Structure formats: C-alpha cells, structure tokens
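For reference, the structure discussed in these notes is given below.
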Amino acid sequence: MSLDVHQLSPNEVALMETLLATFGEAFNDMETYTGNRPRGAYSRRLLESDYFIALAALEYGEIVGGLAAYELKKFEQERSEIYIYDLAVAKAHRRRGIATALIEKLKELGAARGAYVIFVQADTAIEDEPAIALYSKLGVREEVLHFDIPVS
Amino acid sequence: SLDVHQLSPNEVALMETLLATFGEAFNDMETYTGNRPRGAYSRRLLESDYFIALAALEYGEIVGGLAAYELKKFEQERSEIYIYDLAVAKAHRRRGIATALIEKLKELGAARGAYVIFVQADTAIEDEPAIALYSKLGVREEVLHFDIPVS
Ligand SMILES: CC(C)(COP(=O)(O)OP(=O)(O)OC[C@H]1O[C@@H](n2cnc3c(N)ncnc32)[C@H](O)[C@@H]1OP(=O)(O)O)[C@@H](O)C(=O)NCCC(=O)NCCS
Ligand SMILES: CC(C)(COP(=O)(O)OP(=O)(O)OC[C@H]1O[C@@H](n2cnc3c(N)ncnc32)[C@H](O)[C@@H]1OP(=O)(O)O)[C@@H](O)C(=O)NCCC(=O)NCCS
C-alpha cells in the first residue's frame with residue numbers, strides 16, 4: 001500500500017474542493033457537497049483557523065478519502081476535544097485501513113494540540129454499521145439523542 | 001419577564017458563575033468547578049468568535065445558561081450551532097427559561113448564517129425534561145456516540 005495521509009494547509013484549497021467530491025460520492029449526496037461550493041477566500045480562512053482540521057488520504061496523487069474535524073476548546077476546564085464531523089473513504093478503496101489511518105493521524109495531531117479525547121457521532125441506519133464497526137473498535141459506544149432545531 | 005444575553009470578554013466573573021450553575025443542574029460540582037481554567041484562559045475563549053456563551057438572568061442573577069460552538073461548514077458558506085451544554089437552576093425550572101435561551105440562540109445563529117442548531121441529549125431519567133424540550137423544537141434522531149482516546 002502506498003498511502004499518504006495529509007493535513008490540508010491554507011495553501012491547498014484546491015485539494016479541499018476535490019475532497020468535497022469524495023465526500024459527495026461516499027455520502028451519495030453530491031448536491032450538498034459540490035452543488036454550492038464556497039469561495040476560495042472562505043475556504044482558505046477556514047483552513048487557517050485555530051480549530052478546523054482537514055485530512056486527506058492520497059494514493060499516487062489521487063485523493064481516495066478524508067476527514068473533517070473541529071477542535072473544541074472547553075470552558076469548564078483547560079482542555080480540548082476534537083469532533084469528527086465527516087469521515088469518508090472512496091468505495092473502491094474501502095476495507096484497506098485508510099479510515100483507520102486517518103483517525104490515527106488525527107490522534108497524533110490531537111496529542112500535539114493537547115486534546116484529551118476525540119469523539120464522533122455515528123448514524124444508526126443500514127448504511128452505517130461499517131462506520132459503527134469502525135468506531136466500536138476505536139472508542140466506547142453510548143446511545144444518545146440528536147435534535148435538529150431549525151434557524152430562520 | 002426574562003433577560004437572556006450573550007457573555008462578553010470582560011464578563012469572566014459571570015462565566016465562572018455560570019460554570020457553577022452547570023455544576024448543580026448536572027450534579028457534578030467538581031468537573032465544572034473543581035478545576036476551573038485561569039482567568040487569562042477564559043477570556044481568550046470568550047474573545048473567540050466561534051464560542052457562544054449565554055446566561056439567562058431574572059432579577060440580576062443566573063437561572064439558566066448555555067454554551068455552544070459555531071461550526072463553520074466546509075462544503076458550503078453556512079454554519080451550524082452545536083449546543084454543548086444547556087442548564088437551568090432547579091429552583092426556577094418549568095418557567096419557559098430553556099425555551100428563551102434557544103430562541104435567543106436562533107436569532108444569533110441567523111446573524112451568523114447558521115441554518116441549524118443541533119444538541120445532544122443522553123437517555124438517563126434525569127434528562128427527560130431536556131428530551132421533552134428538544135423534541136418540540138426539532139425533530140429527533142437516535143444516533144451513536146463514540147469517545148476515542150487520544151492516548
Ligand atoms: C466508514 C468508512 C469510512 C470505513 O472506511 P475504511 O477505510 O474502509 O475502514 P477501514 O478499512 O480502516 O476498516 C477498519 C475496521 O473497521 C471495520 N470495518 C470497516 N468497514 C467494515 C465493514 N463494511 N463491515 C464490517 N466491518 C468494517 C473492520 O473491523 C475494519 O477492520 P478489518 O478490515 O481489519 O476487519 C467507509 O466505509 C465509508 O466511507 N463509508 C461511507 C461514509 C460513512 O459512513 N462515513 C462515516 C461518517 S462518521
Ligand atoms: C432541560 C431543562 C434545561 C429545561 O429547562 P426549563 O427551563 O425548565 O424548560 P422550559 O421551561 O423552557 O420548558 C419548555 C417545554 O419543554 C417541556 N418540558 C420542560 N420540562 C419538562 C419536564 N420535566 N417534563 C416534561 N416536559 C418538560 C415542556 O414541553 C415545556 O413546556 P411547558 O412547561 O409549557 O409544558 C432543565 O430541566 C435542566 O436544566 N435540566 C437539567 C440539565 C439537563 O438535562 N440539560 C440538558 C442537557 S445539556
């Protein structure tokens with residue numbers, strides 16, 4: 001395997017755009033991830049922010065997977081946690097340890113940031129158990145309730 | 001009536017009071033207050049533009065509180081507000097306070113381009129008021145939560 005797990009820099013908005021296409025195909029929601037892409041300026045400032053983390057997995061120059069996460073600096077104590085928002089690997093490239101490699105990279109990035117934990121919500125439907133099997137091996141599962149409150 | 005407003009960088013002595021309010025709603029007056037950050041640290045956090053701290057007052061004192069994070073999305077120029085903790089003092093429970101905190105967050109989320117506010121709710125019997133409050137302002141979905149150690 002020639003896998004390269006790479007943290008996107010502010011100098012790599014172009015890579016972020018391709019990663020969005022990887023997310024779209026993997027989530028079967030191309031319209032959401034590529035239908036109204038941000039401007040380079042917006043994407044750039046996000047990449048040079050203190051809390052946003054974008055990882056890309058590459059094979060011979062091709063993006064085959066990636067991860068988007070947010071570092072949450074806490075208020076009750078001097079500590080931080082990393083929230084994995086999106087994580088995806090291209091279909092032809094799955095069951096090969098790419099997602100594991102991405103999370104392993106996020107761990108060593110987290111330890112360098114002083115974060116004490118990484119957490120991620122797993123959807124529960126039929127499409128999910130590959131991710132659930134992935135998350136169950138790395139962390140501790142707990143069943144919670146999620147609510148989407150609308151904003152006008 | 002009620003007074004819900006956002007905390008400011010030079011309201012750290014009030015944030016630290018809100019930290020205590022969390023400690024009694026949650027019954028863990030040691031995680032939220034047994035190891036509080038430096039005075040220096042907490043203003044840095046309040047001066048940040050993605051962290052949102054809300055305190056509900058009635059008569060010049062804390063009854064409710066909210067701590068949230070604005071998540072600027074990468075796929076589109078939009079934002080999502082993640083409520084991390086929402087708490088109301090027990091003495092003043094069931095008076096529409098938690099509702100007023102979320103309504104305030106809606107108005108500020110709109111001024112940030114936020115299209116949704118999401119919040120997690122566990123399942124323990126003590127948390128049925130939260131689940132009830134949340135189930136009427138948003139549609140529920142049952143998900144799995146995973147805590148992965150950085151170790
Ligand atoms: C979930 C996903 C990222 C996993 O990618 P991946 O690179 O294939 O995962 P890995 O190869 O590292 O697999 C790691 C372990 O997780 C388990 N696992 C992964 N996929 C599995 C599957 N379909 N079925 C059962 N177990 C699975 C296995 O234990 C695997 O280890 P193993 O091959 O040694 O048995 C990929 O399936 C995907 O992109 N799905 C679509 C989007 C999605 O669900 N994202 C999650 C958002 S949180
Ligand atoms: C959940 C909590 C914040 C609600 O606070 P609140 O100010 O009392 O709630 P509100 O007054 O605004 O209630 C609004 C609606 O929510 C529902 N609700 C609130 N509490 C309820 C309860 N014990 N039982 C049933 N429904 C309840 C009702 O529909 C209520 O409207 P109503 O009184 O007119 O019938 C509060 O109970 C609390 O702090 N609990 C402890 C901590 C917690 O669970 N936090 C959430 C996770 S961070």
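Ordering of the structure tokens sets the chain letters (A, B, ...), residue numbers begin anew at 1 in every chain, and ligands are numbered from 1 in the order given.
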Taking a cut-off of 6 Å and counting only C-alpha atoms and all ligand atoms, can you build a table that, for each residue of chain A near ligand 1, reports the nearest atom pair and how far apart they are in Å (one decimal), sorted by chain then residue number, as CSV?
residue,atom,partner,partner_atom_place_in_ligand_line,distance
A:26,CA,ligand 1,41 (C),5.0
A:27,CA,ligand 1,42 (C),5.4
A:86,CA,ligand 1,47 (C),5.1
A:87,CA,ligand 1,47 (C),4.4
A:88,CA,ligand 1,39 (O),3.5
A:89,CA,ligand 1,39 (O),3.8
A:94,CA,ligand 1,8 (O),3.4
A:95,CA,ligand 1,11 (O),3.5
A:96,CA,ligand 1,11 (O),4.1
A:97,CA,ligand 1,12 (O),3.3
A:98,CA,ligand 1,7 (O),4.0
A:99,CA,ligand 1,7 (O),3.7
A:100,CA,ligand 1,12 (O),3.9
A:122,CA,ligand 1,48 (S),5.3
A:128,CA,ligand 1,44 (O),5.3
A:130,CA,ligand 1,22 (C),3.6
A:131,CA,ligand 1,1 (C),3.7
A:133,CA,ligand 1,17 (C),4.8
A:134,CA,ligand 1,16 (O),3.5
Could you give me the residues within 6 Å of ligand 2, counting only C-alpha atoms and all ligand atoms, as an mmCIF file with N, CA, C and O atoms, in the first residue's frame?
data_model
loop_
_atom_site.group_PDB
_atom_site.id
_atom_site.type_symbol
_atom_site.label_atom_id
_atom_site.label_comp_id
_atom_site.auth_asym_id
_atom_site.auth_seq_id
_atom_site.Cartn_x
_atom_site.Cartn_y
_atom_site.Cartn_z
ATOM 1 N N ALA B 25 -27.095 21.716 37.964
ATOM 2 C CA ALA B 25 -28.025 21.110 37.017
ATOM 3 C C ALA B 25 -27.509 19.728 36.642
ATOM 4 O O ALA B 25 -28.249 18.745 36.674
ATOM 5 N N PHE B 26 -26.213 19.623 36.460
ATOM 6 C CA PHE B 26 -25.588 18.354 36.106
ATOM 7 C C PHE B 26 -25.156 17.459 37.244
ATOM 8 O O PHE B 26 -24.782 16.343 37.044
ATOM 9 N N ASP B 85 -23.614 22.391 26.197
ATOM 10 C CA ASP B 85 -24.294 22.274 27.482
ATOM 11 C C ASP B 85 -25.397 23.309 27.625
ATOM 12 O O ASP B 85 -25.201 24.482 27.301
ATOM 13 N N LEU B 86 -26.554 22.855 28.100
ATOM 14 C CA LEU B 86 -27.687 23.725 28.402
ATOM 15 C C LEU B 86 -28.214 23.375 29.791
ATOM 16 O O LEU B 86 -28.537 22.219 30.059
ATOM 17 N N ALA B 87 -28.286 24.366 30.675
ATOM 18 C CA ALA B 87 -28.672 24.097 32.059
ATOM 19 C C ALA B 87 -29.517 25.207 32.663
ATOM 20 O O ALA B 87 -29.338 26.383 32.351
ATOM 21 N N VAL B 88 -30.444 24.817 33.530
ATOM 22 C CA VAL B 88 -31.279 25.766 34.253
ATOM 23 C C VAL B 88 -31.315 25.390 35.734
ATOM 24 O O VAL B 88 -31.458 24.213 36.073
ATOM 25 N N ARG B 93 -37.274 25.952 37.549
ATOM 26 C CA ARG B 93 -37.478 25.038 36.430
ATOM 27 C C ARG B 93 -38.946 25.004 36.034
ATOM 28 O O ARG B 93 -39.821 25.154 36.889
ATOM 29 N N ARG B 94 -39.183 24.831 34.731
ATOM 30 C CA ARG B 94 -40.512 24.763 34.105
ATOM 31 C C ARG B 94 -41.154 26.129 33.867
ATOM 32 O O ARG B 94 -42.377 26.218 33.749
ATOM 33 N N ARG B 95 -40.353 27.190 33.793
ATOM 34 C CA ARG B 95 -40.923 28.528 33.612
ATOM 35 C C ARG B 95 -40.645 29.086 32.211
ATOM 36 O O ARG B 95 -40.673 30.300 32.008
ATOM 37 N N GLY B 96 -40.371 28.205 31.251
ATOM 38 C CA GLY B 96 -40.101 28.627 29.885
ATOM 39 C C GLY B 96 -38.742 29.284 29.700
ATOM 40 O O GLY B 96 -38.527 30.040 28.747
ATOM 41 N N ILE B 97 -37.815 28.985 30.605
ATOM 42 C CA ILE B 97 -36.492 29.600 30.576
ATOM 43 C C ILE B 97 -35.600 29.000 29.489
ATOM 44 O O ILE B 97 -34.975 29.725 28.712
ATOM 45 N N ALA B 98 -35.548 27.673 29.435
ATOM 46 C CA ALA B 98 -34.732 26.981 28.446
ATOM 47 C C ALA B 98 -35.193 27.308 27.029
ATOM 48 O O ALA B 98 -34.390 27.338 26.095
ATOM 49 N N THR B 99 -36.489 27.553 26.874
ATOM 50 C CA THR B 99 -37.041 27.946 25.586
ATOM 51 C C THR B 99 -36.482 29.297 25.158
ATOM 52 O O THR B 99 -36.088 29.479 24.009
ATOM 53 N N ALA B 121 -28.639 14.878 23.473
ATOM 54 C CA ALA B 121 -29.293 14.585 24.730
ATOM 55 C C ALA B 121 -29.079 13.119 25.057
ATOM 56 O O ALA B 121 -29.371 12.243 24.241
ATOM 57 N N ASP B 127 -32.804 13.286 32.484
ATOM 58 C CA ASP B 127 -32.723 14.145 31.301
ATOM 59 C C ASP B 127 -33.984 14.193 30.447
ATOM 60 O O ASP B 127 -33.965 14.723 29.338
ATOM 61 N N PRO B 129 -36.674 16.053 30.971
ATOM 62 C CA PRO B 129 -37.079 17.425 30.615
ATOM 63 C C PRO B 129 -36.359 17.963 29.384
ATOM 64 O O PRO B 129 -36.987 18.629 28.560
ATOM 65 N N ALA B 130 -35.067 17.675 29.260
ATOM 66 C CA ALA B 130 -34.291 18.119 28.108
ATOM 67 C C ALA B 130 -34.819 17.501 26.826
ATOM 68 O O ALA B 130 -35.024 18.194 25.828
ATOM 69 N N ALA B 132 -37.737 16.318 26.324
ATOM 70 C CA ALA B 132 -39.055 16.886 26.073
ATOM 71 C C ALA B 132 -38.939 18.266 25.429
ATOM 72 O O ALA B 132 -39.619 18.562 24.443
ATOM 73 N N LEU B 133 -38.077 19.106 25.994
ATOM 74 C CA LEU B 133 -37.838 20.444 25.461
ATOM 75 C C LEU B 133 -37.325 20.386 24.029
ATOM 76 O O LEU B 133 -37.775 21.136 23.164
#
Given a cut-off of 8 Å, which residues of chain B touch chain A, counting only C-alpha atoms, written out as an MDAnalysis selection string? chainID B and resid 19 31:33 35:38 41:42 45 69 71:72 74:77 106:107 109:110 114:123 131 134:135 137:151
Give me the residues within 12 Å of residue A:4 as a ChimeraX atom specification, counting only C-alpha atoms and dropping any in the same chain fewer than 5 places off. /A:55-66,97-99,101-102,105
For the residues in that selection, give me N, CA and C atoms as a PDB file, in the first residue's frame.
ATOM      1  N   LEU A  55      -8.172  16.495   6.876  1.00  0.00           N
ATOM      2  CA  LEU A  55      -7.188  15.490   6.488  1.00  0.00           C
ATOM      3  C   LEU A  55      -7.581  14.842   5.168  1.00  0.00           C
ATOM      4  N   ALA A  56      -6.588  14.581   4.325  1.00  0.00           N
ATOM      5  CA  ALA A  56      -6.830  13.907   3.056  1.00  0.00           C
ATOM      6  C   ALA A  56      -5.937  12.684   2.911  1.00  0.00           C
ATOM      7  N   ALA A  57      -6.519  11.593   2.431  1.00  0.00           N
ATOM      8  CA  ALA A  57      -5.775  10.377   2.154  1.00  0.00           C
ATOM      9  C   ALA A  57      -5.517  10.276   0.659  1.00  0.00           C
ATOM     10  N   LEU A  58      -4.258  10.100   0.274  1.00  0.00           N
ATOM     11  CA  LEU A  58      -3.910  10.054  -1.139  1.00  0.00           C
ATOM     12  C   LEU A  58      -3.174   8.779  -1.526  1.00  0.00           C
ATOM     13  N   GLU A  59      -3.471   8.291  -2.724  1.00  0.00           N
ATOM     14  CA  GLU A  59      -2.750   7.168  -3.314  1.00  0.00           C
ATOM     15  C   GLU A  59      -2.250   7.542  -4.698  1.00  0.00           C
ATOM     16  N   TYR A  60      -0.931   7.657  -4.844  1.00  0.00           N
ATOM     17  CA  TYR A  60      -0.315   8.038  -6.113  1.00  0.00           C
ATOM     18  C   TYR A  60      -0.902   9.335  -6.675  1.00  0.00           C
ATOM     19  N   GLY A  61      -1.131  10.298  -5.792  1.00  0.00           N
ATOM     20  CA  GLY A  61      -1.607  11.609  -6.196  1.00  0.00           C
ATOM     21  C   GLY A  61      -3.118  11.738  -6.258  1.00  0.00           C
ATOM     22  N   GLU A  62      -3.825  10.645  -6.002  1.00  0.00           N
ATOM     23  CA  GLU A  62      -5.287  10.655  -6.025  1.00  0.00           C
ATOM     24  C   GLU A  62      -5.893  10.645  -4.624  1.00  0.00           C
ATOM     25  N   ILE A  63      -6.748  11.623  -4.342  1.00  0.00           N
ATOM     26  CA  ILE A  63      -7.491  11.648  -3.086  1.00  0.00           C
ATOM     27  C   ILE A  63      -8.516  10.520  -3.084  1.00  0.00           C
ATOM     28  N   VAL A  64      -8.412   9.624  -2.106  1.00  0.00           N
ATOM     29  CA  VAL A  64      -9.299   8.462  -2.023  1.00  0.00           C
ATOM     30  C   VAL A  64     -10.103   8.460  -0.720  1.00  0.00           C
ATOM     31  N   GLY A  65      -9.865   9.456   0.119  1.00  0.00           N
ATOM     32  CA  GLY A  65     -10.582   9.559   1.377  1.00  0.00           C
ATOM     33  C   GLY A  65     -10.210  10.817   2.125  1.00  0.00           C
ATOM     34  N   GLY A  66     -10.916  11.089   3.219  1.00  0.00           N
ATOM     35  CA  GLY A  66     -10.617  12.263   4.004  1.00  0.00           C
ATOM     36  C   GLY A  66     -11.441  12.421   5.265  1.00  0.00           C
ATOM     37  N   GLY A  97      -7.848  -0.121   5.558  1.00  0.00           N
ATOM     38  CA  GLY A  97      -7.199   0.579   6.648  1.00  0.00           C
ATOM     39  C   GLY A  97      -6.985   2.070   6.447  1.00  0.00           C
ATOM     40  N   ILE A  98      -7.613   2.643   5.424  1.00  0.00           N
ATOM     41  CA  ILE A  98      -7.477   4.074   5.145  1.00  0.00           C
ATOM     42  C   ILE A  98      -8.171   4.929   6.212  1.00  0.00           C
ATOM     43  N   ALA A  99      -9.412   4.588   6.546  1.00  0.00           N
ATOM     44  CA  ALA A  99     -10.129   5.310   7.598  1.00  0.00           C
ATOM     45  C   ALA A  99      -9.406   5.220   8.938  1.00  0.00           C
ATOM     46  N   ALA A 101      -6.198   4.838   9.314  1.00  0.00           N
ATOM     47  CA  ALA A 101      -5.000   5.662   9.165  1.00  0.00           C
ATOM     48  C   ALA A 101      -5.321   7.140   9.348  1.00  0.00           C
ATOM     49  N   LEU A 102      -6.482   7.560   8.858  1.00  0.00           N
ATOM     50  CA  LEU A 102      -6.921   8.939   9.025  1.00  0.00           C
ATOM     51  C   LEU A 102      -7.130   9.283  10.504  1.00  0.00           C
ATOM     52  N   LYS A 105      -3.907   9.461  12.428  1.00  0.00           N
ATOM     53  CA  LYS A 105      -3.286  10.753  12.166  1.00  0.00           C
ATOM     54  C   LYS A 105      -3.920  11.842  13.022  1.00  0.00           C
TER      55      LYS A 105
END
If we count only C-alpha atoms, what is near residue B:5 at a cut-off of 10 Å, once residues fewer than 5 positions away on the same chain are taken out, given as number ranges by chain? B: 53-57, 65, 101, 104-105
What would the file look like if the residues just selected were written as a PDB file, in the first residue's frame with N, CA and C atoms?
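File produced: part.pdb:
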ATOM      1  N   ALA B  53     -21.411  31.870  24.605  1.00  0.00           N
ATOM      2  CA  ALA B  53     -21.845  31.670  25.981  1.00  0.00           C
ATOM      3  C   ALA B  53     -23.074  32.528  26.277  1.00  0.00           C
ATOM      4  N   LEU B  54     -24.150  31.878  26.704  1.00  0.00           N
ATOM      5  CA  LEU B  54     -25.401  32.569  27.004  1.00  0.00           C
ATOM      6  C   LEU B  54     -25.813  32.355  28.454  1.00  0.00           C
ATOM      7  N   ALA B  55     -26.174  33.441  29.129  1.00  0.00           N
ATOM      8  CA  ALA B  55     -26.657  33.360  30.502  1.00  0.00           C
ATOM      9  C   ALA B  55     -28.014  34.031  30.628  1.00  0.00           C
ATOM     10  N   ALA B  56     -28.991  33.282  31.126  1.00  0.00           N
ATOM     11  CA  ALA B  56     -30.313  33.833  31.374  1.00  0.00           C
ATOM     12  C   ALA B  56     -30.389  34.405  32.780  1.00  0.00           C
ATOM     13  N   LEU B  57     -30.691  35.697  32.868  1.00  0.00           N
ATOM     14  CA  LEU B  57     -30.892  36.329  34.152  1.00  0.00           C
ATOM     15  C   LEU B  57     -32.379  36.704  34.378  1.00  0.00           C
ATOM     16  N   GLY B  65     -28.391  28.786  31.586  1.00  0.00           N
ATOM     17  CA  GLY B  65     -27.151  29.039  30.892  1.00  0.00           C
ATOM     18  C   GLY B  65     -26.987  28.123  29.708  1.00  0.00           C
ATOM     19  N   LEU B 101     -33.722  30.655  26.008  1.00  0.00           N
ATOM     20  CA  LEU B 101     -32.295  30.549  25.714  1.00  0.00           C
ATOM     21  C   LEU B 101     -32.068  30.115  24.269  1.00  0.00           C
ATOM     22  N   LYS B 104     -33.125  32.846  21.719  1.00  0.00           N
ATOM     23  CA  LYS B 104     -32.055  33.830  21.608  1.00  0.00           C
ATOM     24  C   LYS B 104     -30.937  33.310  20.704  1.00  0.00           C
ATOM     25  N   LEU B 105     -30.644  32.021  20.822  1.00  0.00           N
ATOM     26  CA  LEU B 105     -29.596  31.404  20.021  1.00  0.00           C
ATOM     27  C   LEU B 105     -29.995  31.359  18.544  1.00  0.00           C
TER      28      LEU B 105
END
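The closest residue to residue B:47, picked from B:20, B:7, B:100, B:124 and counting only C-alpha atoms, is B:7.
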Please return as a VMD selection string: the residues of stretch 5-120 of chain B that backbone DSSP assigns to strand (DSSP E or B). chain B and resid 5 to 6 51 to 57 62 to 72 79 to 88 114 to 120
Determine the nearest neighbour of residue A:71 from the options B:51, B:63, B:30, B:17, counting only C-alpha atoms.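 Checking each candidate against residue A:71, we get B:51 as the closest.
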So how many Å separate atom CA of residue B:68 and atom CA of residue A:49, to one decimal?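 The value is 17.6 Å.
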May I have all residues of chain B that DSSP, computed from the backbone, assigns to helix (DSSP H, G or I), given as a count of residues only? 47
With a distance cut-off of 7 Å and only C-alpha atoms, select the neighbouring residues of residue B:70, excluding the residue or stretch itself and same-chain residues fewer than 3 positions from it, and output the selection as a PDB file with N, CA and C atoms, in the first residue's frame.
ATOM      1  N   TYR B  50     -16.152  31.688  17.528  1.00  0.00           N
ATOM      2  CA  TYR B  50     -16.988  30.503  17.322  1.00  0.00           C
ATOM      3  C   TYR B  50     -17.588  29.968  18.626  1.00  0.00           C
ATOM      4  N   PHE B  51     -17.081  30.424  19.765  1.00  0.00           N
ATOM      5  CA  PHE B  51     -17.657  30.015  21.045  1.00  0.00           C
ATOM      6  C   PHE B  51     -18.748  30.981  21.475  1.00  0.00           C
ATOM      7  N   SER B  79     -23.218  27.847   8.452  1.00  0.00           N
ATOM      8  CA  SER B  79     -22.738  27.466   9.777  1.00  0.00           C
ATOM      9  C   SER B  79     -23.724  26.567  10.510  1.00  0.00           C
ATOM     10  N   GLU B  80     -23.214  25.825  11.486  1.00  0.00           N
ATOM     11  CA  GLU B  80     -24.058  25.003  12.342  1.00  0.00           C
ATOM     12  C   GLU B  80     -23.707  25.243  13.802  1.00  0.00           C
ATOM     13  N   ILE B  81     -24.719  25.535  14.613  1.00  0.00           N
ATOM     14  CA  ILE B  81     -24.500  25.796  16.026  1.00  0.00           C
ATOM     15  C   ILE B  81     -24.620  24.521  16.855  1.00  0.00           C
ATOM     16  N   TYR B  82     -23.520  24.130  17.485  1.00  0.00           N
ATOM     17  CA  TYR B  82     -23.505  22.957  18.348  1.00  0.00           C
ATOM     18  C   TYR B  82     -23.655  23.363  19.815  1.00  0.00           C
TER      19      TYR B  82
END
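Atom to atom, atom CA of residue A:48 and atom CA of residue A:10 stand 5.5 Å apart.
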